[PDB]
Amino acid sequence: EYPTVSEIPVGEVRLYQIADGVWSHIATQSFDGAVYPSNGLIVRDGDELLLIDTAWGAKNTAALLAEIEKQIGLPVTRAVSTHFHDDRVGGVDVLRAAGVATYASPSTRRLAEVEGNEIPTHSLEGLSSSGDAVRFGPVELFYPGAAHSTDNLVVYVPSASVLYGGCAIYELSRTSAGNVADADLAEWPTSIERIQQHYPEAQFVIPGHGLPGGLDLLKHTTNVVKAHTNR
């Protein structure tokens, strides 16, 4: 039922409805000789939509906007990028040209600039210290501490008990650490503990890549990170 990597051609974007007014968006990209899936989120905010993360590149993000218009038919008015990598900000310029207001923490905007990646326009305040949470429209944004990257945010949809972990959370089928070049391996398990403590009621946990599950994905990610640490 959830679209798997093997079922989405590069260039196309699938929407998967999780709850009333909550969808995930799924895209793919070929990278370094393999094909990877990538998740983001769409949350209804009255008669508008909040987007979480691009669809990993300009072409996919243009397709994402077309697919949202076709399937949902409400305007995407704001988008938040949850860290500075290309699977989260790549496509920000597309969103901006289409009139979407793009947002990220000041730490994400800085790291994207250093990396030469696309830079969301607006700066989200109130997320600079581990454990910080702010409401943004229909979601809560939470900075759990450094993990997959120094700047990674997670997103919670209280009306639906959906926790979007982004790339700080691994799918169960991923048993080796991924891209950890920008990670804080030492802090990542403690950051995951903060997520668990703040969102114990979550019913649907979405990783940045791959299949959703429950809160077990948090301990799974800790296990994989610790294994990599001891490599």
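For the two forms, the rigid core is made up of the largest set of C-alpha atoms that agree within 1.5 Å on superposition. Position 1 is the first residue in the sequence shown; the rest follow in order.
- Displacement analysis by core superposition in 9 other deposited structures of this protein ranks 26-34 above the other of 192-200 and 26-34 in root-mean-square C-alpha distance from the shown form.
- Looking at 221-229 and 3-11 together, the entry lists the larger mean B-factor for 3-11, computed on C-alpha atoms.
- The stretch 69-77 shows the higher mean C-alpha B-factor when 69-77 is compared against 103-111 in the entry.
- Within the group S191, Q197, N39, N60, the record's highest C-alpha temperature factor is found at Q197.
- When the Cα B-factors of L185, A27, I52, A181 are read from the PDB record, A181 comes out highest.
- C167 sits in the lowest third of its chain by CA B factor, as recorded in the PDB entry.
- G208 sits in the lowest third of its chain by CA B factor, as recorded in the PDB entry.
- Sort the chain's modelled residues by C-alpha temperature factor and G131 lands in the highest third, per the entry.
- In the PDB entry, a CA B factor belonging to the lowest third of its chain's modelled residues is recorded for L153.
- When the CA B factors of the chain's modelled residues are split into thirds, the value for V92 lands in the lowest one.
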